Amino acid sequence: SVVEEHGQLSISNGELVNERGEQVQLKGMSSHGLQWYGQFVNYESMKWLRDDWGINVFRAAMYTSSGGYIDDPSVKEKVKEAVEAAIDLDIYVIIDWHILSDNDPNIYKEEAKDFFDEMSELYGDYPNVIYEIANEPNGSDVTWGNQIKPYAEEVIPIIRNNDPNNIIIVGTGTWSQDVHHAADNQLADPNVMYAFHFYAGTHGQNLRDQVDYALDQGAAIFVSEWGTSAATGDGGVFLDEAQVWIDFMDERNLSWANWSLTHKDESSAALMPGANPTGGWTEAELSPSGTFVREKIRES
């Protein structure tokens, strides 16, 4: 129903819109690393998220390093499984080239190009796909102008040769926080968005104001990863500040994916150790974070 109704997404005046030009807001879940917790990514778990949580997007977090794709490329086939499940479920899907310790996207740029060529050739004639080309550039030696923007200007043409206009999400500096610099030096492609990531354990008032600065430059922002925890993914759940962010995203019509769908014993994990990898969770099988996120998507 979702993808049939909204169909082809695009950016108009800095906003995510559907094929009839109406604003649309995506809300869903990210997997954790597909090399560690891939068992939670399958048609049945995604169907349960769609029907019980109300998700309309799912993010496949394919780590590049940390035992991910560069070390063992077999994980690309789990991405394919997730994309095909989203197509069958009629929801959107984010293909996330999940850089992190490999903090400069240029480190594995050749592999990224080849990977995005393959994925855009396979799936580029579906409206479901959103390409996230560099999860979290980070480090003081990785800047928008010098590192990230030129990387995107190599990867985006590869995608565009196969898929002229599905959304592309481009990471920003300082773990996808520095939307100010991107918004002042935007990419040319009209269907680009810039990633902004937050963690509710950080006091967020200035980060909200920086998001607003970026939006005021006409840049489109996708909150492609956020957590209820601290920036490590652990250290408590911070629901008061999470709710502030939720309300801010709704007011600004910002799409989002929560980190993350796993039973790992960390505060940002949505599931408890028990939880069936094929869905059907009881309340007891959701973590404090997962219960909250589920409520947010259901109330939407």
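Here the rigid core means the biggest group of C-alpha atoms that line up within 1.5 Å when the two forms are laid on top of each other. One rule holds for the numbers: they count along the sequence shown, beginning at 1.
Enquirer: After superposing on the rigid core, which of 225-233 and 188-196 has its C-alpha atoms sitting farther from this form in 8 other deposited structures of this protein?
Expert: Once the core is superposed, the stretch further away in 8 other deposited structures of this protein is 225-233.
Enquirer: Which of the two stretches, 234-242 versus 46-54, has its Cα atoms farther on average from this form in 8 other deposited structures of this protein when everything is superposed by the rigid core?
Expert: The answer is 234-242, which departs more from the shown form in 8 other deposited structures of this protein.
Enquirer: Please compare 245-253 with 43-51 and name the stretch with the higher mean C-alpha B-factor in the deposited structure.
Expert: Per the PDB record, 245-253.
Enquirer: Between 55-63 and 262-270, name whichever shows the higher mean Cα B factor according to the PDB entry.
Expert: Per the deposited B-factors, the answer is 262-270.
Enquirer: Sorting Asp163, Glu81, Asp117, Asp71 by Cα temperature factor from the record, which one lands on top?
Expert: Among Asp163, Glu81, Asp117, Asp71, the highest C-alpha B-factor in the entry belongs to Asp71.
Enquirer: Just the C-alpha B-factor column, please: which of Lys113, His181, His197, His98 has the biggest number?
Expert: Of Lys113, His181, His197, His98, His181 has the highest C-alpha B-factor.
Enquirer: Going by what the PDB entry lists, where does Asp141 fall on CA B-factor within its chain: lowest, middle or highest third?
Expert: Ranked within chain, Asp141 CA B lands in the highest tercile.
Enquirer: If you rank the chain by CA B-factor, which third does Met29 end up in: lowest, middle or highest?
Expert: It falls in the bottom third of the chain.
Enquirer: In terms of the chain's CA B-factor thirds, is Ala85 lowest, middle or highest?
Expert: Bottom third by C-alpha B-factor.
Enquirer: By its CA B factor, does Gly173 count among the lowest, middle or highest third of the modelled residues in the chain?
Expert: Its C-alpha B-factor, which the entry lists for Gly173, ranks in the middle third among residues of this chain.
Enquirer: So where's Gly218 on the chain's Cα temperature factor ranking, which third?
Expert: CA B-factor rank for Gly218: highest third.
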